[PDB]
>>> print(open('upload-v8.txt').read())   # compact mmCIF, N, CA and C atoms
# COMPACT_ATOMS: atom_id res chain seq x y z
N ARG A 242 27.12 1.24 9.52
CA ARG A 242 26.09 0.71 10.40
C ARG A 242 26.58 0.54 11.82
N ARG A 243 27.69 1.07 12.14
CA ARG A 243 28.19 0.90 13.48
C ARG A 243 27.60 1.96 14.38
N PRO A 244 27.30 1.62 15.62
CA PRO A 244 26.75 2.62 16.54
C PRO A 244 27.60 3.87 16.67
N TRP A 245 28.92 3.75 16.66
CA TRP A 245 29.74 4.94 16.85
C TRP A 245 29.68 5.84 15.63
N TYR A 246 29.67 5.24 14.45
CA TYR A 246 29.54 6.00 13.22
C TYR A 246 28.20 6.69 13.15
N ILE A 247 27.12 5.94 13.32
CA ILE A 247 25.79 6.52 13.26
C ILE A 247 25.61 7.60 14.31
N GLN A 248 26.25 7.45 15.45
CA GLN A 248 26.15 8.48 16.46
C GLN A 248 26.86 9.76 16.05
N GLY A 249 28.06 9.66 15.50
CA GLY A 249 28.77 10.85 15.08
C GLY A 249 28.38 11.40 13.74
N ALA A 250 27.46 10.77 13.02
CA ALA A 250 27.05 11.24 11.71
C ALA A 250 25.89 12.22 11.74
N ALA A 251 25.02 12.15 12.73
CA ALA A 251 23.81 12.96 12.74
C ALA A 251 23.30 13.07 14.16
N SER A 252 22.30 13.92 14.34
CA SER A 252 21.66 14.14 15.64
C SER A 252 20.56 13.11 15.88
N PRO A 253 19.99 13.05 17.08
CA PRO A 253 18.92 12.09 17.35
C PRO A 253 17.70 12.31 16.46
N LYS A 254 16.75 11.38 16.53
CA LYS A 254 15.66 11.34 15.57
C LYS A 254 14.34 11.03 16.23
N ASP A 255 13.27 11.53 15.62
CA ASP A 255 11.89 11.18 15.93
C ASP A 255 11.32 10.51 14.70
N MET A 256 11.57 9.23 14.55
CA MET A 256 11.24 8.55 13.32
C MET A 256 9.86 7.95 13.39
N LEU A 257 9.10 8.10 12.33
CA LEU A 257 7.86 7.35 12.17
C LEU A 257 7.95 6.60 10.87
N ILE A 258 7.72 5.30 10.92
CA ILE A 258 7.80 4.44 9.75
C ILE A 258 6.39 4.12 9.31
N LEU A 259 6.06 4.49 8.09
CA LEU A 259 4.72 4.34 7.54
C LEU A 259 4.77 3.27 6.46
N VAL A 260 4.16 2.13 6.73
CA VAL A 260 4.27 0.95 5.89
C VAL A 260 2.96 0.76 5.14
N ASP A 261 3.05 0.62 3.84
CA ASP A 261 1.89 0.43 2.98
C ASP A 261 1.55 -1.04 2.98
N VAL A 262 0.31 -1.37 3.35
CA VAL A 262 -0.12 -2.76 3.38
C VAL A 262 -1.38 -2.91 2.55
N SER A 263 -1.50 -2.10 1.51
CA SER A 263 -2.54 -2.28 0.53
C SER A 263 -2.31 -3.58 -0.22
N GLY A 264 -3.25 -3.96 -1.06
CA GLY A 264 -3.13 -5.24 -1.73
C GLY A 264 -2.02 -5.27 -2.75
N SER A 265 -1.71 -4.12 -3.35
CA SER A 265 -0.73 -4.06 -4.41
C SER A 265 0.66 -4.46 -3.95
N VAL A 266 0.97 -4.31 -2.65
CA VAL A 266 2.28 -4.67 -2.14
C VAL A 266 2.39 -6.15 -1.85
N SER A 267 1.38 -6.93 -2.16
CA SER A 267 1.40 -8.34 -1.81
C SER A 267 2.40 -9.09 -2.67
N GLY A 268 3.08 -10.05 -2.06
CA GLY A 268 3.99 -10.86 -2.82
C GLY A 268 5.44 -10.61 -2.47
N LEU A 269 6.23 -10.20 -3.45
CA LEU A 269 7.64 -9.96 -3.22
C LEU A 269 7.89 -8.65 -2.51
N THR A 270 7.15 -7.61 -2.87
CA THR A 270 7.46 -6.32 -2.29
C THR A 270 7.08 -6.26 -0.82
N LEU A 271 6.14 -7.09 -0.37
CA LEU A 271 5.84 -7.14 1.06
C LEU A 271 6.96 -7.82 1.83
N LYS A 272 7.48 -8.92 1.31
CA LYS A 272 8.59 -9.60 1.96
C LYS A 272 9.81 -8.70 2.05
N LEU A 273 10.11 -8.00 0.96
CA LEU A 273 11.18 -7.02 1.00
C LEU A 273 10.89 -5.87 1.94
N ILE A 274 9.63 -5.45 2.07
CA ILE A 274 9.32 -4.36 2.98
C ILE A 274 9.56 -4.78 4.42
N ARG A 275 9.23 -6.02 4.76
CA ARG A 275 9.46 -6.48 6.12
C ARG A 275 10.95 -6.54 6.44
N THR A 276 11.74 -7.11 5.53
CA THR A 276 13.19 -7.11 5.74
C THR A 276 13.75 -5.70 5.80
N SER A 277 13.21 -4.79 5.00
CA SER A 277 13.70 -3.43 4.94
C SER A 277 13.42 -2.69 6.22
N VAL A 278 12.23 -2.87 6.80
CA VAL A 278 11.88 -2.17 8.03
C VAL A 278 12.69 -2.70 9.20
N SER A 279 12.97 -4.00 9.23
CA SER A 279 13.87 -4.50 10.27
C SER A 279 15.27 -3.91 10.14
N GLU A 280 15.81 -3.85 8.92
CA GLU A 280 17.12 -3.23 8.74
C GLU A 280 17.12 -1.76 9.10
N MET A 281 16.06 -1.04 8.77
CA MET A 281 15.94 0.36 9.13
C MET A 281 15.87 0.56 10.64
N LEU A 282 15.23 -0.36 11.35
CA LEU A 282 15.20 -0.27 12.80
C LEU A 282 16.55 -0.56 13.41
N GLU A 283 17.38 -1.32 12.72
CA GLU A 283 18.69 -1.58 13.30
C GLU A 283 19.66 -0.41 13.21
N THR A 284 19.33 0.71 12.58
CA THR A 284 20.20 1.87 12.56
C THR A 284 19.83 2.89 13.61
N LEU A 285 19.07 2.49 14.61
CA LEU A 285 18.53 3.39 15.61
C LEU A 285 19.09 3.02 16.97
N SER A 286 19.26 4.02 17.82
CA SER A 286 19.87 3.83 19.13
C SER A 286 18.93 4.37 20.19
N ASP A 287 19.44 4.50 21.41
CA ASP A 287 18.61 4.83 22.55
C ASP A 287 18.30 6.31 22.67
N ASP A 288 18.84 7.14 21.81
CA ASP A 288 18.48 8.55 21.81
C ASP A 288 17.49 8.89 20.72
N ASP A 289 17.04 7.91 19.95
CA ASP A 289 16.02 8.05 18.93
C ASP A 289 14.71 7.44 19.39
N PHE A 290 13.62 7.93 18.83
CA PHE A 290 12.28 7.49 19.19
C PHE A 290 11.54 7.07 17.94
N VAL A 291 10.82 5.96 17.99
CA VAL A 291 10.31 5.34 16.79
C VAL A 291 8.89 4.85 17.03
N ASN A 292 8.12 4.73 15.95
CA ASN A 292 6.90 3.95 15.95
C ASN A 292 6.66 3.53 14.51
N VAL A 293 6.04 2.38 14.32
CA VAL A 293 5.71 1.88 13.00
C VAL A 293 4.20 1.88 12.86
N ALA A 294 3.69 2.66 11.93
CA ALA A 294 2.28 2.66 11.59
C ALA A 294 2.06 1.87 10.32
N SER A 295 0.84 1.91 9.80
CA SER A 295 0.48 1.09 8.66
C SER A 295 -0.80 1.65 8.06
N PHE A 296 -0.96 1.59 6.75
CA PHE A 296 -2.17 2.14 6.17
C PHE A 296 -2.62 1.37 4.94
N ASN A 297 -3.93 1.12 4.85
CA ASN A 297 -4.58 0.77 3.59
C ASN A 297 -6.04 1.18 3.72
N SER A 298 -6.38 2.38 3.26
CA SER A 298 -7.74 2.89 3.41
C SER A 298 -8.09 3.13 4.87
N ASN A 299 -7.17 2.83 5.77
CA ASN A 299 -7.31 3.11 7.19
C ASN A 299 -5.93 2.96 7.81
N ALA A 300 -5.52 3.89 8.65
CA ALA A 300 -4.18 3.86 9.23
C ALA A 300 -4.26 3.46 10.69
N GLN A 301 -3.36 2.57 11.09
CA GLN A 301 -3.34 2.05 12.45
C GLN A 301 -1.91 1.76 12.84
N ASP A 302 -1.67 1.69 14.14
CA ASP A 302 -0.37 1.29 14.63
C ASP A 302 -0.17 -0.20 14.44
N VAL A 303 1.04 -0.58 14.05
CA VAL A 303 1.31 -1.97 13.73
C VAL A 303 1.46 -2.83 14.97
N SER A 304 1.45 -2.22 16.15
CA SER A 304 1.94 -2.84 17.37
C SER A 304 1.01 -2.47 18.52
N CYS A 305 1.50 -2.64 19.73
CA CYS A 305 0.80 -2.28 20.95
C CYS A 305 1.14 -0.89 21.44
N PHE A 306 1.83 -0.07 20.64
CA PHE A 306 2.59 1.01 21.24
C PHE A 306 1.86 2.35 21.25
N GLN A 307 1.32 2.79 20.13
CA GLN A 307 0.43 3.95 20.03
C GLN A 307 1.12 5.30 20.11
N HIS A 308 2.43 5.36 20.26
CA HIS A 308 3.15 6.62 20.15
C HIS A 308 4.62 6.31 19.99
N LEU A 309 5.46 7.34 20.01
CA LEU A 309 6.89 7.14 19.85
C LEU A 309 7.48 6.56 21.13
N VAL A 310 8.31 5.53 20.99
CA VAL A 310 8.92 4.85 22.12
C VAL A 310 10.43 4.88 21.94
N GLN A 311 11.18 4.62 23.01
CA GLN A 311 12.58 5.02 23.09
C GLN A 311 13.53 4.24 22.21
N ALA A 312 13.11 3.18 21.54
CA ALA A 312 13.99 2.48 20.60
C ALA A 312 15.20 1.89 21.29
N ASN A 313 14.96 1.16 22.37
CA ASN A 313 15.97 0.32 22.98
C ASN A 313 15.73 -1.11 22.52
N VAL A 314 16.59 -2.03 22.95
CA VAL A 314 16.59 -3.36 22.35
C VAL A 314 15.26 -4.07 22.55
N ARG A 315 14.59 -3.81 23.67
CA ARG A 315 13.32 -4.46 23.94
C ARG A 315 12.20 -3.89 23.08
N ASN A 316 12.14 -2.56 22.95
CA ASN A 316 11.11 -1.94 22.13
C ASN A 316 11.31 -2.27 20.66
N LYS A 317 12.54 -2.27 20.19
CA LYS A 317 12.80 -2.67 18.82
C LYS A 317 12.45 -4.13 18.60
N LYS A 318 12.63 -4.98 19.61
CA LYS A 318 12.18 -6.36 19.49
C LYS A 318 10.68 -6.43 19.28
N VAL A 319 9.92 -5.69 20.08
CA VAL A 319 8.47 -5.65 19.93
C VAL A 319 8.09 -5.22 18.52
N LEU A 320 8.72 -4.15 18.03
CA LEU A 320 8.35 -3.61 16.72
C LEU A 320 8.72 -4.56 15.59
N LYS A 321 9.87 -5.23 15.68
CA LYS A 321 10.24 -6.18 14.64
C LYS A 321 9.29 -7.36 14.61
N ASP A 322 8.92 -7.89 15.77
CA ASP A 322 7.99 -9.01 15.78
C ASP A 322 6.59 -8.60 15.34
N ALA A 323 6.21 -7.35 15.54
CA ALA A 323 4.91 -6.91 15.05
C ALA A 323 4.93 -6.67 13.56
N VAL A 324 6.07 -6.25 13.02
CA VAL A 324 6.20 -6.04 11.59
C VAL A 324 6.20 -7.37 10.84
N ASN A 325 6.82 -8.39 11.41
CA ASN A 325 6.82 -9.68 10.71
C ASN A 325 5.44 -10.31 10.59
N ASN A 326 4.40 -9.77 11.23
CA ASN A 326 3.05 -10.29 11.14
C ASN A 326 2.18 -9.53 10.18
N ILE A 327 2.76 -8.77 9.30
CA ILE A 327 2.01 -7.88 8.43
C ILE A 327 1.51 -8.64 7.21
N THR A 328 0.27 -8.39 6.82
CA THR A 328 -0.33 -8.93 5.61
C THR A 328 -0.83 -7.79 4.75
N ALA A 329 -1.16 -8.09 3.50
CA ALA A 329 -1.49 -7.07 2.52
C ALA A 329 -2.88 -7.32 1.97
N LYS A 330 -3.79 -6.38 2.22
CA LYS A 330 -5.13 -6.40 1.65
C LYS A 330 -5.79 -5.04 1.74
N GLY A 331 -6.39 -4.55 0.67
CA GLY A 331 -7.17 -3.33 0.75
C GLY A 331 -6.79 -2.34 -0.33
N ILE A 332 -7.33 -1.14 -0.22
CA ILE A 332 -7.09 -0.04 -1.15
C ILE A 332 -6.14 0.94 -0.49
N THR A 333 -5.39 1.68 -1.29
CA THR A 333 -4.39 2.57 -0.73
C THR A 333 -4.99 3.94 -0.48
N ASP A 334 -4.59 4.57 0.62
CA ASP A 334 -5.05 5.91 0.97
C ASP A 334 -3.90 6.66 1.61
N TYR A 335 -3.14 7.40 0.80
CA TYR A 335 -1.97 8.09 1.33
C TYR A 335 -2.37 9.23 2.25
N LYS A 336 -3.57 9.77 2.07
CA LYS A 336 -4.01 10.88 2.90
C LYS A 336 -4.25 10.44 4.34
N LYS A 337 -4.89 9.29 4.54
CA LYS A 337 -5.13 8.80 5.90
C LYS A 337 -3.83 8.46 6.60
N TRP B 50 -34.18 -1.27 -38.96
CA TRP B 50 -33.84 -1.28 -40.38
C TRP B 50 -32.83 -0.20 -40.74
N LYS B 51 -32.72 0.86 -39.93
CA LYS B 51 -31.74 1.93 -40.05
C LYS B 51 -30.33 1.36 -39.98
N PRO B 52 -29.26 2.16 -40.28
CA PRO B 52 -27.90 1.78 -39.88
C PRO B 52 -27.72 1.79 -38.36
N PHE B 53 -28.55 1.00 -37.67
CA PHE B 53 -28.48 0.76 -36.23
C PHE B 53 -27.66 -0.49 -35.91
N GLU B 54 -26.85 -0.95 -36.85
CA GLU B 54 -25.98 -2.08 -36.59
C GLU B 54 -24.52 -1.69 -36.52
N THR B 55 -24.12 -0.62 -37.20
CA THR B 55 -22.79 -0.04 -37.08
C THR B 55 -22.68 0.88 -35.88
N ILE B 56 -23.80 1.32 -35.32
CA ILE B 56 -23.77 1.96 -34.02
C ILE B 56 -23.49 0.89 -32.98
N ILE B 57 -24.07 -0.30 -33.16
CA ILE B 57 -23.94 -1.32 -32.13
C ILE B 57 -22.60 -2.04 -32.17
N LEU B 58 -22.06 -2.35 -33.34
CA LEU B 58 -20.75 -2.99 -33.35
C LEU B 58 -19.62 -1.99 -33.18
N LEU B 59 -19.92 -0.70 -33.02
CA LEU B 59 -18.88 0.25 -32.67
C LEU B 59 -18.90 0.59 -31.19
N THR B 60 -20.01 0.34 -30.49
CA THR B 60 -19.97 0.31 -29.03
C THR B 60 -19.72 -1.08 -28.49
N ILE B 61 -19.72 -2.10 -29.34
CA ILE B 61 -19.17 -3.39 -28.92
C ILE B 61 -17.66 -3.34 -28.94
N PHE B 62 -17.08 -2.59 -29.87
CA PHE B 62 -15.65 -2.34 -29.84
C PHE B 62 -15.24 -1.41 -28.71
N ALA B 63 -16.15 -0.60 -28.19
CA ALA B 63 -15.82 0.25 -27.06
C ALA B 63 -15.79 -0.54 -25.77
N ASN B 64 -16.61 -1.57 -25.64
CA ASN B 64 -16.54 -2.45 -24.49
C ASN B 64 -15.40 -3.45 -24.58
N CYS B 65 -14.75 -3.56 -25.73
CA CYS B 65 -13.53 -4.34 -25.81
C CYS B 65 -12.31 -3.56 -25.36
N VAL B 66 -12.36 -2.23 -25.37
CA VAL B 66 -11.29 -1.42 -24.82
C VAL B 66 -11.48 -1.13 -23.34
N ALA B 67 -12.70 -1.02 -22.86
CA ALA B 67 -12.93 -0.92 -21.43
C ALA B 67 -12.60 -2.21 -20.69
N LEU B 68 -12.26 -3.27 -21.41
CA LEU B 68 -11.77 -4.50 -20.82
C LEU B 68 -10.26 -4.62 -20.90
N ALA B 69 -9.66 -4.03 -21.92
CA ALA B 69 -8.22 -4.13 -22.13
C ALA B 69 -7.45 -3.17 -21.25
N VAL B 70 -7.98 -1.96 -21.03
CA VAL B 70 -7.28 -0.99 -20.21
C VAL B 70 -7.48 -1.22 -18.73
N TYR B 71 -8.34 -2.15 -18.36
CA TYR B 71 -8.52 -2.51 -16.96
C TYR B 71 -7.26 -3.20 -16.46
N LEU B 72 -6.76 -2.76 -15.31
CA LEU B 72 -5.55 -3.30 -14.72
C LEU B 72 -5.93 -4.20 -13.56
N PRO B 73 -5.62 -5.49 -13.60
CA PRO B 73 -5.98 -6.37 -12.48
C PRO B 73 -4.93 -6.30 -11.38
N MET B 74 -5.38 -6.04 -10.16
CA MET B 74 -4.52 -5.85 -9.01
C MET B 74 -4.87 -6.86 -7.93
N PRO B 75 -3.93 -7.19 -7.07
CA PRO B 75 -4.15 -8.25 -6.09
C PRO B 75 -4.95 -7.79 -4.89
N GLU B 76 -5.47 -8.77 -4.17
CA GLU B 76 -5.98 -8.64 -2.81
C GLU B 76 -6.79 -7.36 -2.61
N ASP B 77 -7.68 -7.10 -3.56
CA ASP B 77 -8.75 -6.12 -3.41
C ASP B 77 -8.25 -4.68 -3.45
N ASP B 78 -7.34 -4.40 -4.37
CA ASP B 78 -6.86 -3.04 -4.56
C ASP B 78 -7.39 -2.48 -5.87
N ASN B 79 -7.36 -1.16 -6.01
CA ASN B 79 -7.82 -0.50 -7.22
C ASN B 79 -6.99 0.74 -7.50
N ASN B 80 -7.27 1.36 -8.64
CA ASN B 80 -6.81 2.70 -8.96
C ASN B 80 -8.01 3.53 -9.39
N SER B 81 -7.73 4.74 -9.86
CA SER B 81 -8.80 5.63 -10.29
C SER B 81 -9.35 5.22 -11.64
N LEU B 82 -8.48 4.77 -12.54
CA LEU B 82 -8.95 4.33 -13.85
C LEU B 82 -9.76 3.06 -13.75
N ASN B 83 -9.44 2.19 -12.79
CA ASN B 83 -10.23 0.98 -12.63
C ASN B 83 -11.62 1.30 -12.12
N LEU B 84 -11.75 2.31 -11.27
CA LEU B 84 -13.03 2.71 -10.73
C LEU B 84 -13.83 3.57 -11.68
N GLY B 85 -13.17 4.24 -12.63
CA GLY B 85 -13.90 4.90 -13.68
C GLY B 85 -14.59 3.94 -14.61
N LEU B 86 -13.91 2.88 -15.03
CA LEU B 86 -14.47 1.90 -15.94
C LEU B 86 -15.50 0.99 -15.28
N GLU B 87 -15.67 1.06 -13.97
CA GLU B 87 -16.83 0.42 -13.37
C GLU B 87 -18.06 1.32 -13.40
N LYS B 88 -17.91 2.54 -13.90
CA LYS B 88 -19.04 3.37 -14.26
C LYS B 88 -19.43 3.21 -15.71
N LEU B 89 -18.46 3.02 -16.60
CA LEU B 89 -18.75 2.78 -18.00
C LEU B 89 -19.49 1.47 -18.23
N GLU B 90 -19.36 0.51 -17.31
CA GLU B 90 -20.10 -0.73 -17.42
C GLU B 90 -21.59 -0.50 -17.37
N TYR B 91 -22.06 0.43 -16.54
CA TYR B 91 -23.49 0.73 -16.51
C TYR B 91 -23.96 1.34 -17.82
N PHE B 92 -23.16 2.21 -18.42
CA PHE B 92 -23.51 2.74 -19.72
C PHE B 92 -23.63 1.63 -20.76
N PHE B 93 -22.57 0.84 -20.94
CA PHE B 93 -22.63 -0.26 -21.89
C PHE B 93 -23.73 -1.25 -21.58
N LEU B 94 -24.09 -1.42 -20.32
CA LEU B 94 -25.14 -2.33 -19.93
C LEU B 94 -26.53 -1.79 -20.20
N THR B 95 -26.69 -0.47 -20.23
CA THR B 95 -27.97 0.11 -20.63
C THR B 95 -28.04 0.45 -22.11
N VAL B 96 -26.94 0.30 -22.86
CA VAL B 96 -27.04 0.39 -24.31
C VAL B 96 -27.31 -0.96 -24.96
N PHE B 97 -26.81 -2.05 -24.40
CA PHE B 97 -27.03 -3.37 -24.96
C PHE B 97 -28.28 -4.04 -24.40
>>> encode(input="upload-v8.txt", output="structure tokens")
Amino acid sequence: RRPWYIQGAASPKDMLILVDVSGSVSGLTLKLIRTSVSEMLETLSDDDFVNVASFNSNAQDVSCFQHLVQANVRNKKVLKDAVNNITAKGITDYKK
Amino acid sequence: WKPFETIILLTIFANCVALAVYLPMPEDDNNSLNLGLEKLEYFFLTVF
């Protein structure tokens, strides 16, 4: 998980994180999903671009961002705080 | 007066399985089998 290791292990990334917020994920798996997405965001640096979306019968951006952003400490802060506000309700639609 | 009572207690046993295979899910979620058995309810409701 060190920046130097992650830098020398692979090339930059265009990551999109798609988080399921249907009702079935409510409870323990939602709490684990929030912790998991924060940990996943911590393996990203300033040469990677990220956005976190969300879907349950309708897909939307989890944040204010609306496209891929540079994944610096401020943008990752925005995305982590937007992910911690996630709730679970609805039907699942993997196609949307 | 016909054997119209073993037809009825054998579709009463069919509505006992359309209740057992139903999977209850949280916060307003479903699957395909759950939505199929909400069609069988109309059948059982127009037979009884």
>>> closest_residue(input="upload-v8.txt", among="A:251, A:285, A:274, A:266", to="residue A:316", atoms="only C-alpha atoms")
A:285
>>> atom_distance(input="upload-v8.txt", atom1="atom C of residue A:335", atom2="atom CA of residue A:288")
28.6 Å
>>> atom_distance(input="upload-v8.txt", atom1="atom CA of residue A:318", atom2="atom CA of residue A:284")
13.4 Å
>>> atom_distance(input="upload-v8.txt", atom1="atom CA of residue B:59", atom2="atom C of residue B:92")
12.9 Å
>>> closest_atom_pairs(input="upload-v8.txt", of="chain A", to="chain B", cutoff="5 Å", atoms="only N, CA and C atoms", output="CSV")
residue,atom,partner,partner_atom,distance
A:264,CA,B:76,C,4.3
A:330,CA,B:76,C,4.7
A:331,C,B:77,C,4.2
A:332,CA,B:78,CA,4.5
>>> select_by_dssp(input="upload-v8.txt", residues="chain A", states="helix (DSSP H, G or I)", output="PyMOL selection string")
chain A and resi 244-250+264-266+269-282+314-324
>>> axis_aligned_box(input="upload-v8.txt", around="stretch 57-68 of chain B", padding_each_side="6 Å", output="JSON")
{"center_x": -17.2, "center_y": -2.0, "center_z": -27.0, "size_x": 25.8, "size_y": 17.2, "size_z": 24.7}
>>> residues_around(input="upload-v8.txt", residues="residue A:290", least_positions_apart="6", cutoff="6 Å", atoms="only N, CA and C atoms", output="list in words")
residues 254, 255, 256, 309, 310, 311 and 312 of chain A
